[PDB]
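Colleague: Pasting a structure below so you can have a look.
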Amino acid sequence: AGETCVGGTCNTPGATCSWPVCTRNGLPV
């Protein structure tokens, strides 16, 4: 969804970093 990885960390648990956003299972968080 709107999970960002600007700080190098996501709020959503088990989310992968994809600066400046976050993805999980190949899908945006």
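Residue numbers start at 1 in each chain; chains themselves are named A, B, ... in the order of the structure tokens; ligands are numbered from 1 in the order shown.
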For residue A:11, find every residue with an atom within 12 Å (counting only C-alpha atoms), except residues of its own chain fewer than 5 positions away, and show them as a ChimeraX atom specification.

Modeller: /A:1-6,16-17,21-23,29

Colleague: For the selection just defined, write its residues with N, CA and C atoms to a file, as a CSV table (one decimal), in the first residue's frame.

Modeller:
```csv
chain,number,residue,atom,x,y,z
A,1,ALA,N,0.8,-1.2,0.0
A,1,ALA,CA,0.0,0.0,0.0
A,1,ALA,C,0.9,1.3,0.0
A,2,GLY,N,0.7,2.1,1.0
A,2,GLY,CA,1.5,3.3,1.1
A,2,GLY,C,2.7,3.2,2.0
A,3,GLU,N,3.1,2.0,2.2
A,3,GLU,CA,4.3,1.7,3.0
A,3,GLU,C,5.6,2.2,2.3
A,4,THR,N,6.3,3.1,3.0
A,4,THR,CA,7.5,3.7,2.4
A,4,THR,C,8.7,3.2,3.2
A,5,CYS,N,9.8,3.2,2.5
A,5,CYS,CA,11.1,2.7,3.2
A,5,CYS,C,12.1,3.8,3.1
A,6,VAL,N,11.7,5.1,3.3
A,6,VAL,CA,12.6,6.2,3.2
A,6,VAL,C,13.6,6.1,4.3
A,16,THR,N,9.5,-6.1,2.7
A,16,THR,CA,10.8,-5.9,2.2
A,16,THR,C,11.0,-4.4,1.7
A,17,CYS,N,12.2,-3.9,1.8
A,17,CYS,CA,12.5,-2.6,1.4
A,17,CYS,C,12.7,-2.4,-0.1
A,21,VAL,N,10.0,2.9,-1.2
A,21,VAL,CA,8.8,2.2,-0.8
A,21,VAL,C,9.0,0.8,-0.2
A,22,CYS,N,8.0,0.2,0.1
A,22,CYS,CA,8.1,-1.2,0.7
A,22,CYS,C,7.2,-2.2,-0.1
A,23,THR,N,7.7,-3.4,-0.3
A,23,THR,CA,7.0,-4.4,-1.0
A,23,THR,C,7.0,-5.7,-0.2
A,29,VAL,N,3.3,-2.7,-0.5
A,29,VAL,CA,2.5,-2.7,0.8
A,29,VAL,C,1.8,-1.4,0.9
```

Colleague: Enumerate the residues of chain A with a DSSP assignment of strand (DSSP E), computed from the backbone, and present them as number ranges by chain.

Modeller: A: 16-18, 21-24, 27-28

Colleague: Dump N, CA, C and O atoms for the selected residues as a PDB file, in the first residue's frame?

Modeller:
```
ATOM      1  N   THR A  16       9.486  -6.069   2.743  1.00  0.00           N
ATOM      2  CA  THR A  16      10.798  -5.878   2.160  1.00  0.00           C
ATOM      3  C   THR A  16      10.967  -4.426   1.732  1.00  0.00           C
ATOM      4  O   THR A  16       9.999  -3.758   1.357  1.00  0.00           O
ATOM      5  N   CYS A  17      12.188  -3.940   1.803  1.00  0.00           N
ATOM      6  CA  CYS A  17      12.476  -2.565   1.439  1.00  0.00           C
ATOM      7  C   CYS A  17      12.676  -2.418  -0.065  1.00  0.00           C
ATOM      8  O   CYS A  17      13.341  -3.231  -0.707  1.00  0.00           O
ATOM      9  N   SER A  18      12.096  -1.365  -0.609  1.00  0.00           N
ATOM     10  CA  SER A  18      12.183  -1.050  -2.021  1.00  0.00           C
ATOM     11  C   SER A  18      12.233   0.457  -2.160  1.00  0.00           C
ATOM     12  O   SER A  18      11.348   1.059  -2.759  1.00  0.00           O
ATOM     13  N   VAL A  21      10.045   2.881  -1.199  1.00  0.00           N
ATOM     14  CA  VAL A  21       8.799   2.235  -0.781  1.00  0.00           C
ATOM     15  C   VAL A  21       9.040   0.847  -0.205  1.00  0.00           C
ATOM     16  O   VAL A  21      10.179   0.417  -0.062  1.00  0.00           O
ATOM     17  N   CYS A  22       7.964   0.156   0.139  1.00  0.00           N
ATOM     18  CA  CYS A  22       8.063  -1.184   0.705  1.00  0.00           C
ATOM     19  C   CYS A  22       7.187  -2.168  -0.057  1.00  0.00           C
ATOM     20  O   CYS A  22       6.065  -1.841  -0.458  1.00  0.00           O
ATOM     21  N   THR A  23       7.701  -3.374  -0.256  1.00  0.00           N
ATOM     22  CA  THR A  23       6.974  -4.411  -0.967  1.00  0.00           C
ATOM     23  C   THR A  23       7.021  -5.725  -0.198  1.00  0.00           C
ATOM     24  O   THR A  23       7.913  -5.950   0.611  1.00  0.00           O
ATOM     25  N   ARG A  24       6.062  -6.588  -0.461  1.00  0.00           N
ATOM     26  CA  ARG A  24       5.993  -7.881   0.188  1.00  0.00           C
ATOM     27  C   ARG A  24       5.403  -8.885  -0.789  1.00  0.00           C
ATOM     28  O   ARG A  24       4.356  -8.633  -1.384  1.00  0.00           O
ATOM     29  N   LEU A  27       4.629  -7.594  -4.115  1.00  0.00           N
ATOM     30  CA  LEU A  27       3.505  -6.674  -4.207  1.00  0.00           C
ATOM     31  C   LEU A  27       3.713  -5.514  -3.248  1.00  0.00           C
ATOM     32  O   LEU A  27       4.117  -5.718  -2.105  1.00  0.00           O
ATOM     33  N   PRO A  28       3.452  -4.277  -3.690  1.00  0.00           N
ATOM     34  CA  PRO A  28       3.621  -3.100  -2.844  1.00  0.00           C
ATOM     35  C   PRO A  28       2.737  -3.164  -1.609  1.00  0.00           C
ATOM     36  O   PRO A  28       1.592  -3.616  -1.666  1.00  0.00           O
TER      37      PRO A  28
END
```
